[PDB]
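Enquirer: So here's my_file05.txt (compact mmCIF, C-alpha atoms and all ligand atoms).
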```txt
# COMPACT_ATOMS: atom_id res chain seq x y z
CA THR A 1 20.17 3.07 -15.95
CA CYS A 2 19.39 2.20 -12.31
CA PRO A 3 19.19 5.35 -10.12
CA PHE A 4 21.31 5.86 -6.94
CA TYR A 5 18.29 5.81 -4.59
CA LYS A 6 17.58 2.15 -5.58
CA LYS A 7 21.12 0.96 -4.71
CA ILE A 8 22.38 -0.09 -1.24
CA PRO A 9 26.04 1.03 -0.92
CA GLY A 10 28.67 -1.45 0.30
CA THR A 11 26.51 -4.41 -0.77
CA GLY A 12 25.48 -6.25 -3.94
CA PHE A 13 21.83 -5.29 -3.31
CA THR A 14 19.15 -3.25 -5.11
CA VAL A 15 15.57 -2.47 -3.98
CA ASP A 16 12.58 -2.35 -6.40
CA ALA A 17 14.93 -2.30 -9.43
CA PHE A 18 13.57 -4.74 -12.05
CA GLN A 19 13.11 -2.39 -15.09
CA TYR A 20 16.81 -1.60 -15.80
CA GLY A 21 17.97 -4.97 -17.25
CA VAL A 22 20.90 -6.71 -15.55
CA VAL A 23 22.17 -4.24 -12.92
CA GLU A 24 26.01 -4.27 -12.79
CA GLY A 25 27.19 -5.89 -9.53
CA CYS A 26 23.73 -6.84 -8.23
CA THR A 27 23.79 -10.31 -6.59
CA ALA A 28 20.32 -10.06 -4.97
CA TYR A 29 17.22 -8.05 -5.94
CA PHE A 30 14.85 -7.13 -3.07
CA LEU A 31 11.15 -6.46 -3.75
CA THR A 32 9.34 -4.50 -1.01
CA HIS A 33 5.75 -5.18 -2.22
CA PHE A 34 3.56 -6.27 -5.16
CA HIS A 35 2.63 -2.87 -6.73
CA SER A 36 3.31 -2.47 -10.46
CA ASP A 37 5.61 0.62 -10.33
CA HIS A 38 7.87 -1.42 -7.97
CA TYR A 39 7.82 -4.86 -9.73
CA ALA A 40 7.97 -3.36 -13.28
CA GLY A 41 10.13 -5.71 -15.40
CA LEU A 42 9.71 -9.03 -13.49
CA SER A 43 8.50 -12.10 -15.49
CA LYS A 44 8.85 -15.91 -15.95
CA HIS A 45 12.22 -15.29 -17.66
CA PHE A 46 13.86 -13.54 -14.66
CA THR A 47 16.92 -15.62 -13.57
CA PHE A 48 18.42 -13.80 -10.50
CA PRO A 49 17.58 -14.29 -6.77
CA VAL A 50 14.55 -12.25 -5.58
CA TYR A 51 14.16 -11.61 -1.82
CA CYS A 52 10.71 -10.69 -0.47
CA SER A 53 7.91 -11.60 1.97
CA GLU A 54 5.97 -14.91 1.74
CA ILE A 55 2.86 -13.09 0.38
CA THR A 56 4.88 -11.20 -2.27
CA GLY A 57 6.44 -14.55 -3.24
CA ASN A 58 2.98 -16.16 -3.70
CA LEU A 59 2.04 -13.32 -6.08
CA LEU A 60 5.32 -13.59 -8.03
CA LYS A 61 4.79 -17.36 -8.51
CA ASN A 62 1.09 -17.30 -9.47
CA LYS A 63 0.45 -13.90 -11.14
CA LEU A 64 3.84 -13.17 -12.84
CA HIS A 65 4.97 -16.86 -13.18
CA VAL A 66 8.45 -16.31 -11.82
CA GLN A 67 10.14 -19.72 -11.39
CA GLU A 68 10.19 -21.14 -7.86
CA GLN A 69 14.01 -21.59 -7.82
CA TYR A 70 14.52 -17.77 -7.92
CA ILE A 71 11.95 -16.82 -5.20
CA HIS A 72 13.48 -16.39 -1.69
CA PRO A 73 10.72 -15.65 0.86
CA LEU A 74 11.90 -14.42 4.31
CA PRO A 75 9.92 -14.42 7.57
CA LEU A 76 9.24 -11.08 9.31
CA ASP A 77 10.95 -9.86 12.50
CA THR A 78 13.82 -12.37 12.08
CA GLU A 79 17.57 -11.81 11.58
CA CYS A 80 18.57 -13.48 8.25
CA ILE A 81 21.96 -13.61 6.47
CA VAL A 82 21.78 -12.91 2.70
CA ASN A 83 25.02 -13.10 0.65
CA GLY A 84 27.06 -12.41 3.80
CA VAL A 85 24.95 -9.48 5.12
CA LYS A 86 22.46 -9.45 8.06
CA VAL A 87 18.96 -8.23 7.06
CA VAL A 88 15.52 -8.00 8.76
CA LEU A 89 12.07 -7.58 7.13
CA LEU A 90 9.47 -5.49 9.07
CA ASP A 91 5.74 -5.00 8.36
CA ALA A 92 5.28 -1.70 6.41
CA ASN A 93 1.55 -1.18 7.23
CA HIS A 94 0.98 -0.69 3.44
CA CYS A 95 -0.70 -3.45 1.33
CA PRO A 96 -0.62 -7.24 2.05
CA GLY A 97 2.97 -8.58 2.00
CA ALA A 98 4.59 -5.11 2.06
CA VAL A 99 7.85 -4.78 4.02
CA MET A 100 10.51 -2.36 5.19
CA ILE A 101 14.10 -3.71 5.06
CA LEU A 102 16.86 -3.16 7.71
CA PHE A 103 20.40 -3.71 6.34
CA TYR A 104 23.37 -4.18 8.74
CA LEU A 105 26.35 -3.23 6.55
CA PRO A 106 29.72 -4.94 7.05
CA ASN A 107 31.32 -1.56 7.97
CA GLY A 108 28.87 -0.99 10.94
CA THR A 109 26.44 1.33 9.15
CA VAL A 110 22.70 0.54 9.52
CA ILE A 111 20.23 1.41 6.72
CA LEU A 112 16.39 1.35 6.84
CA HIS A 113 14.50 1.21 3.53
CA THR A 114 10.80 1.86 4.21
CA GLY A 115 9.51 0.73 0.80
CA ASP A 116 6.00 2.18 0.70
CA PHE A 117 4.64 2.56 4.30
CA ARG A 118 2.04 4.17 6.54
CA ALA A 119 4.02 5.20 9.65
CA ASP A 120 2.46 4.17 12.99
CA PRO A 121 3.50 4.59 16.67
CA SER A 122 3.58 0.74 16.93
CA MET A 123 6.78 0.82 14.79
CA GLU A 124 8.52 2.56 17.74
CA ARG A 125 8.35 -0.86 19.57
CA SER A 126 9.55 -3.05 16.71
CA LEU A 127 13.17 -4.26 16.26
CA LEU A 128 13.88 -0.60 15.23
CA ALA A 129 14.07 0.27 18.95
CA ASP A 130 17.27 -1.85 19.38
CA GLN A 131 19.90 0.23 17.53
CA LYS A 132 20.88 3.44 15.76
CA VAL A 133 19.89 3.91 12.07
CA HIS A 134 22.33 6.01 10.02
CA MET A 135 20.56 6.25 6.65
CA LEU A 136 16.80 6.25 5.87
CA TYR A 137 15.39 5.62 2.36
CA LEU A 138 11.96 7.21 2.94
CA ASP A 139 8.49 6.95 1.27
CA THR A 140 7.86 10.70 0.87
CA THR A 141 4.53 10.37 -1.11
CA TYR A 142 2.68 12.90 1.16
CA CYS A 143 5.62 14.99 2.50
CA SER A 144 3.79 18.36 2.69
CA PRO A 145 1.52 19.70 5.50
CA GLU A 146 -1.61 19.99 3.31
CA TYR A 147 -1.74 16.21 3.12
CA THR A 148 -4.19 15.41 5.88
CA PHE A 149 -6.60 12.46 6.05
CA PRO A 150 -8.41 10.41 8.80
CA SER A 151 -7.42 7.13 10.44
CA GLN A 152 -8.24 3.95 8.50
CA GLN A 153 -10.59 2.98 11.39
CA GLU A 154 -12.63 6.24 11.01
CA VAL A 155 -12.92 5.76 7.22
CA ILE A 156 -14.10 2.13 7.61
CA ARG A 157 -16.69 3.21 10.24
CA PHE A 158 -18.10 5.70 7.68
CA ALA A 159 -18.22 3.07 4.91
CA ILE A 160 -19.90 0.34 7.07
CA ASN A 161 -22.52 2.80 8.44
CA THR A 162 -23.28 4.27 4.97
CA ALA A 163 -23.68 0.84 3.31
CA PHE A 164 -25.76 -0.68 6.12
CA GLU A 165 -28.16 2.32 6.18
CA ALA A 166 -28.65 2.26 2.39
CA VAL A 167 -29.31 -1.48 2.05
CA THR A 168 -31.62 -1.60 5.16
CA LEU A 169 -33.69 1.24 3.60
CA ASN A 170 -33.63 -0.54 0.18
CA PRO A 171 -32.96 -4.33 0.24
CA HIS A 172 -32.73 -4.20 -3.61
CA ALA A 173 -29.66 -1.90 -3.58
CA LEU A 174 -26.28 -3.27 -4.83
CA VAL A 175 -22.96 -2.13 -3.31
CA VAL A 176 -19.95 -1.80 -5.67
CA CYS A 177 -16.29 -1.20 -4.67
CA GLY A 178 -13.48 -0.17 -7.08
CA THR A 179 -9.98 -1.78 -7.12
CA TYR A 180 -6.86 -1.67 -9.43
CA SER A 181 -4.18 -3.34 -7.29
CA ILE A 182 -3.77 -5.17 -4.00
CA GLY A 183 -4.30 -3.10 -0.84
CA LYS A 184 -7.37 -1.57 0.84
CA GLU A 185 -9.10 -4.97 1.14
CA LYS A 186 -10.66 -3.88 4.49
CA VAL A 187 -13.03 -1.54 2.60
CA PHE A 188 -14.93 -4.28 0.73
CA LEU A 189 -14.46 -6.99 3.40
CA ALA A 190 -15.90 -4.82 6.22
CA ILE A 191 -18.92 -3.78 4.12
CA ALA A 192 -19.69 -7.38 3.06
CA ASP A 193 -19.40 -8.56 6.70
CA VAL A 194 -22.01 -6.03 7.97
CA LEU A 195 -24.39 -6.98 5.13
CA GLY A 196 -24.03 -10.78 5.63
CA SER A 197 -22.74 -11.27 2.08
CA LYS A 198 -19.67 -12.65 0.32
CA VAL A 199 -17.78 -10.30 -2.05
CA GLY A 200 -18.27 -11.19 -5.75
CA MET A 201 -15.47 -10.58 -8.27
CA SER A 202 -13.75 -11.75 -11.49
CA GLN A 203 -11.72 -14.96 -11.66
CA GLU A 204 -8.55 -12.84 -12.05
CA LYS A 205 -9.21 -10.77 -8.87
CA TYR A 206 -10.24 -13.94 -6.98
CA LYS A 207 -6.87 -15.51 -7.91
CA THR A 208 -5.00 -12.43 -6.59
CA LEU A 209 -6.85 -12.49 -3.23
CA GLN A 210 -6.20 -16.27 -2.86
CA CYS A 211 -2.43 -15.39 -2.49
CA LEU A 212 -2.73 -12.99 0.49
CA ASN A 213 -2.93 -15.35 3.58
CA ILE A 214 -6.08 -13.62 4.86
CA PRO A 215 -7.58 -15.86 7.61
CA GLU A 216 -10.83 -17.66 6.66
CA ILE A 217 -10.75 -16.11 3.13
CA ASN A 218 -12.91 -18.91 1.57
CA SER A 219 -15.80 -17.75 3.82
CA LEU A 220 -15.54 -14.12 2.54
CA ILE A 221 -15.07 -14.08 -1.33
CA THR A 222 -16.63 -15.72 -4.42
CA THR A 223 -16.68 -15.79 -8.23
CA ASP A 224 -20.50 -16.31 -8.16
CA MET A 225 -21.73 -12.73 -8.78
CA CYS A 226 -25.43 -13.71 -8.47
CA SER A 227 -25.00 -14.97 -4.88
CA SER A 228 -23.37 -11.69 -3.70
CA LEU A 229 -24.68 -8.13 -3.00
CA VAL A 230 -21.19 -6.57 -2.75
CA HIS A 231 -19.36 -6.59 -6.12
CA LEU A 232 -15.77 -5.60 -6.98
CA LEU A 233 -15.07 -3.88 -10.29
CA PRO A 234 -12.02 -2.28 -11.91
CA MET A 235 -11.49 1.31 -10.63
CA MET A 236 -11.96 2.55 -14.22
CA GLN A 237 -15.58 1.34 -14.27
CA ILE A 238 -16.55 3.39 -11.14
CA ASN A 239 -18.43 6.14 -13.00
CA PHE A 240 -22.07 6.70 -14.04
CA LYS A 241 -21.74 5.04 -17.49
CA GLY A 242 -19.80 2.02 -16.18
CA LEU A 243 -22.15 1.45 -13.25
CA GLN A 244 -25.31 1.84 -15.42
CA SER A 245 -23.82 -0.84 -17.67
CA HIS A 246 -23.12 -3.18 -14.75
CA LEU A 247 -26.68 -2.74 -13.36
CA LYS A 248 -28.12 -3.84 -16.74
CA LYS A 249 -26.12 -7.13 -16.46
CA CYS A 250 -27.69 -8.06 -13.07
CA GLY A 251 -31.03 -9.13 -14.63
CA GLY A 252 -33.47 -6.94 -12.69
CA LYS A 253 -32.20 -8.18 -9.32
CA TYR A 254 -31.32 -4.61 -8.25
CA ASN A 255 -32.75 -1.08 -8.72
CA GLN A 256 -30.04 1.10 -7.05
CA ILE A 257 -26.20 1.19 -6.83
CA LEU A 258 -24.14 2.57 -3.95
CA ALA A 259 -20.44 2.68 -5.04
CA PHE A 260 -17.12 3.42 -3.27
CA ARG A 261 -13.87 4.78 -4.82
CA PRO A 262 -11.08 4.50 -2.20
CA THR A 263 -8.61 7.11 -3.36
CA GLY A 264 -5.68 8.45 -1.39
CA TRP A 265 -5.66 12.18 -0.76
CA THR A 266 -7.83 14.54 -2.81
CA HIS A 267 -8.09 18.35 -2.10
CA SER A 268 -11.66 17.60 -0.92
CA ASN A 269 -9.65 16.80 2.30
CA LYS A 270 -8.61 20.44 2.91
CA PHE A 271 -12.18 21.68 3.55
CA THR A 272 -14.33 18.68 4.46
CA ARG A 273 -14.54 16.32 7.47
CA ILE A 274 -15.08 12.55 6.90
CA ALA A 275 -18.45 12.81 8.72
CA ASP A 276 -19.62 15.52 6.24
CA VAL A 277 -18.71 13.59 3.01
CA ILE A 278 -21.46 13.44 0.37
CA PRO A 279 -21.71 11.42 -2.86
CA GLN A 280 -22.02 12.37 -6.51
CA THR A 281 -25.46 11.16 -7.62
CA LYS A 282 -27.24 10.62 -10.97
CA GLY A 283 -30.68 8.94 -10.84
CA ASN A 284 -30.44 5.62 -8.93
CA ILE A 285 -26.56 5.66 -8.75
CA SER A 286 -24.45 7.31 -5.99
CA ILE A 287 -20.60 7.36 -5.85
CA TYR A 288 -18.59 8.09 -2.66
CA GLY A 289 -14.90 9.04 -2.78
CA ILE A 290 -13.42 7.92 0.56
CA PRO A 291 -9.89 8.95 1.72
CA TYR A 292 -8.54 5.50 2.66
CA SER A 293 -4.70 5.88 2.61
CA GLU A 294 -1.98 3.22 2.78
CA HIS A 295 0.75 5.95 2.92
CA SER A 296 1.84 8.16 5.89
CA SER A 297 0.13 11.50 6.39
CA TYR A 298 2.56 14.45 6.79
CA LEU A 299 2.13 14.33 10.60
CA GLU A 300 2.60 10.49 10.81
CA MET A 301 5.79 10.75 8.68
CA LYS A 302 7.17 13.65 10.77
CA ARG A 303 6.58 11.73 14.08
CA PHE A 304 8.32 8.60 12.78
CA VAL A 305 11.38 10.48 11.47
CA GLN A 306 11.75 12.62 14.65
CA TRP A 307 11.64 9.38 16.73
CA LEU A 308 14.14 7.49 14.50
CA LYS A 309 16.63 10.45 14.33
CA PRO A 310 18.46 9.30 11.14
CA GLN A 311 21.78 10.98 10.17
CA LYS A 312 20.78 11.18 6.46
CA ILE A 313 17.45 10.88 4.57
CA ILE A 314 17.13 9.75 0.93
CA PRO A 315 13.59 10.30 -0.50
CA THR A 316 12.23 7.59 -2.84
CA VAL A 317 9.04 9.45 -4.05
CA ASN A 318 8.60 12.87 -5.71
CA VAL A 319 12.29 12.80 -6.73
CA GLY A 320 11.82 14.11 -10.31
CA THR A 321 11.48 17.92 -9.84
CA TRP A 322 13.79 20.51 -8.25
CA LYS A 323 10.77 22.10 -6.52
CA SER A 324 9.76 18.79 -4.88
CA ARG A 325 13.33 18.00 -3.83
CA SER A 326 13.87 21.49 -2.30
CA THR A 327 10.50 21.41 -0.44
CA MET A 328 11.29 17.98 1.14
CA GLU A 329 14.83 19.04 2.17
CA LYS A 330 13.37 22.12 3.96
CA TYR A 331 10.95 19.93 5.96
CA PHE A 332 13.72 17.48 6.94
CA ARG A 333 15.79 20.40 8.30
CA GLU A 334 12.82 21.86 10.21
CA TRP A 335 12.21 18.45 11.81
CA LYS A 336 15.89 18.08 12.81
CA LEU A 337 16.10 21.62 14.33
CA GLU A 338 12.83 21.16 16.28
CA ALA A 339 13.82 17.78 17.79
CA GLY A 340 17.57 18.55 18.29
CA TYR A 341 19.29 15.65 16.43
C1 LIG F 401 -13.86 -9.84 7.47
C2 LIG F 401 -12.70 -10.43 7.01
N1 LIG F 401 -11.57 -9.74 6.77
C3 LIG F 401 -11.66 -8.44 7.02
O1 LIG F 401 -10.61 -7.59 6.81
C4 LIG F 401 -9.27 -8.00 6.59
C5 LIG F 401 -8.77 -9.18 7.09
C6 LIG F 401 -7.45 -9.52 6.86
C7 LIG F 401 -6.61 -8.68 6.14
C8 LIG F 401 -5.19 -9.02 5.92
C9 LIG F 401 -4.29 -8.46 5.01
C10 LIG F 401 -3.09 -9.10 5.24
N2 LIG F 401 -3.30 -9.97 6.24
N3 LIG F 401 -4.57 -9.93 6.69
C11 LIG F 401 -7.13 -7.48 5.66
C12 LIG F 401 -8.45 -7.14 5.88
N4 LIG F 401 -12.70 -7.76 7.45
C13 LIG F 401 -13.81 -8.48 7.67
NI NI F 402 2.75 0.82 -3.10
```
Would you put the structure from the file into structure tokens?
Expert:
Amino acid sequence: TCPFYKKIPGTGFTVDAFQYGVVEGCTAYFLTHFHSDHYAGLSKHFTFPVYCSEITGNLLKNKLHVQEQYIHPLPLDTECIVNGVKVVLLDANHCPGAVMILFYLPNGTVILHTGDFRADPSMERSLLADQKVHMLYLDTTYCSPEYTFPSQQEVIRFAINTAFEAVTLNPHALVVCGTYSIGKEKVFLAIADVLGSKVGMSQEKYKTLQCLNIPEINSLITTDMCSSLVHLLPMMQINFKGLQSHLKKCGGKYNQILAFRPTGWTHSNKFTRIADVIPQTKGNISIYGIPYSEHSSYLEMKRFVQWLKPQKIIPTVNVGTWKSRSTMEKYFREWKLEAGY
């Protein structure tokens, strides 16, 4: 049963709704981005029109084997008519290929669906500036004031400086970075760039990255692990046992591992500054948890919503408990009373 918050009223459209079988009345299925909770259910046997970005379409074709005849990529920042309704895709500042969707309903209502996003002041000078938005379907992942974290730029500065120091002190150190999905590519790319190395990875992860339209990508990644001193591993392997095991496989080329786990928020954020972050260490292995987020902080979310001034907000995350729903509704009312809309 497809829930109300995945349906767009007055249209034949759903958003991120592939796990409910054939949805009654749905003539077009939109996919905001290629993360598994959102694409859940898509396969080579899907036979309805899918609307998405070019990058999401590349991943659908090559990783999930969806047939080409059902993939409808749309350019960004461009008015398009889909099944009689004007739509626009906007960059969501999430992972590669992630979009927000503006729907211009036949009755004059305007709806923004953020998908997953990290709100930024630059969005205040997109096509959103042009008209009133009545309803907002909002990524509320971190909708509580305790959820603080630094800018992406500050976190990358820390990672580059940490890696460069360690490898200049010990040229036989290996750097490892954890991954379990697309997104957060800047972490491993920025480290490899400062060290003058390509990033080594599995054939499966290499395939995924080859779909993302990153400029000059062939100069930056490889499947030849032996040529590279920055390796990507599954997030599950970023622990002392898993890293010990990996070091054994490198044939005495290295004698130290420096590893990074890019999480989102962790309550380490409440006390500590990014500058003061320290690793967990056992022998010749050190692991840094770094707060690299691709979702809005509380303050970023609040600024975006107070600028947009929507008439109604529909959360799309943390919808399952009465406590979560009541907490979010209280913040939305605070924001409205403070700003006067
Ligand atoms: C050397 C090379 N590349 C980087 O970083 C990135 C470059 C491009 C993307 C990207 C994602 C979607 N479109 N472009 C992301 C990260 N850093 C150093
Ligand atoms: Ni996501």
Enquirer: Please, what is the axis-aligned box for every listed atom of segment 289-308 of chain A with 3 Å on each side, as centre and edge lengths in Å to one decimal, as lines of an AutoDock Vina configuration file?
Expert:
```
center_x = -0.4
center_y = 8.8
center_z = 7.0
size_x = 35.0
size_y = 17.2
size_z = 25.5
```
Enquirer: Taking only C-alpha atoms and all ligand atoms and a cut-off of 9 Å, can you tell me which residues surround ligand LIG 401 (chain F), written as a ChimeraX atom specification?
Expert: /A:55,95-97,183-194,212-217,219-220
Enquirer: Figure out the distance between atom CA of residue 128 of chain A and atom CA of residue 82 of chain A, please, to one decimal in Å.
Expert: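 Here the two named atoms are 19.3 Å from each other.
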Enquirer: Taking into account only C-alpha atoms, which residue in the set A:259, A:17, A:169, A:135 is nearest to residue 288 of chain A?
Expert: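 Among the listed residues, A:259 lies closest to residue 288 of chain A.
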Enquirer: Give me the residues within 7 Å of segment 40-53 of chain A as a compact mmCIF listing (two decimals) with C-alpha atoms, in the frame of the given file, counting all atoms listed in the file and dropping any in the same chain fewer than 5 places off.
Expert:
```
# COMPACT_ATOMS: atom_id res chain seq x y z
CA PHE A 18 13.57 -4.74 -12.05
CA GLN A 19 13.11 -2.39 -15.09
CA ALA A 28 20.32 -10.06 -4.97
CA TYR A 29 17.22 -8.05 -5.94
CA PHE A 30 14.85 -7.13 -3.07
CA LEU A 31 11.15 -6.46 -3.75
CA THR A 32 9.34 -4.50 -1.01
CA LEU A 64 3.84 -13.17 -12.84
CA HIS A 65 4.97 -16.86 -13.18
CA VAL A 66 8.45 -16.31 -11.82
CA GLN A 67 10.14 -19.72 -11.39
CA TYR A 70 14.52 -17.77 -7.92
CA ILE A 71 11.95 -16.82 -5.20
CA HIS A 72 13.48 -16.39 -1.69
CA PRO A 73 10.72 -15.65 0.86
CA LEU A 74 11.90 -14.42 4.31
CA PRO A 75 9.92 -14.42 7.57
CA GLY A 97 2.97 -8.58 2.00
```
Enquirer: Grab me every residue within 9 Å of ligand NI 402 (chain F), counting only C-alpha atoms and all ligand atoms, and send it over as a PyMOL selection string.
Expert: chain A and resi 32-38+94-95+98+115-117+182-183+294-295
Enquirer: Identify which of the residues A:199, A:233, A:313, A:308 lies closest to residue 127 of chain A, counting all atoms listed in the file when measuring atom-to-atom distances.
Expert: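 Going through A:199, A:233, A:313, A:308 one by one, the smallest distance to residue 127 of chain A is for A:308.
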Enquirer: Please identify all polymer residues within 9 Å of residue 229 of chain A, counting only C-alpha atoms, omitting same-chain residues fewer than 5 positions from it, and present them as a list in words.
Expert: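 Residues meeting the cut-off are residues 172, 173, 174, 175, 176, 192, 195, 197, 198, 199 and 200 of chain A.
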Enquirer: Could you please determine the separation between atom CA of residue 227 of chain A and atom CA of residue 251 of chain A in Å, to one decimal place?
Expert: 12.9 Å
Enquirer: Can you list, as JSON, numbers by chain, every protein, DNA or RNA residue that comes within 8 Å of segment 327-330 of chain A when you count all atoms listed in the file, leaving out same-chain residues fewer than 4 positions away?
Expert: {"A": [143, 144, 323, 334]}
Enquirer: For C-alpha atoms, I'd like the residues from the last selection saved as an mmCIF file, in the frame of the given file.
Expert:
```
data_model
loop_
_atom_site.group_PDB
_atom_site.id
_atom_site.type_symbol
_atom_site.label_atom_id
_atom_site.label_comp_id
_atom_site.auth_asym_id
_atom_site.auth_seq_id
_atom_site.Cartn_x
_atom_site.Cartn_y
_atom_site.Cartn_z
ATOM 1 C CA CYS A 143 5.620 14.990 2.500
ATOM 2 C CA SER A 144 3.790 18.360 2.690
ATOM 3 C CA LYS A 323 10.770 22.100 -6.520
ATOM 4 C CA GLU A 334 12.820 21.860 10.210
#
```
Enquirer: Report, in Å with one decimal, the straight-line distance from atom CA of residue 284 of chain A to atom CA of residue 165 of chain A.
Expert: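 Interatomic distance here is 15.6 Å.
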Enquirer: So, counting all atoms listed in the file, which residue among A:282, A:7, A:157, A:231 is closest to residue 111 of chain A?
Expert: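 For residue 111 of chain A, the nearest of the candidates is A:7.
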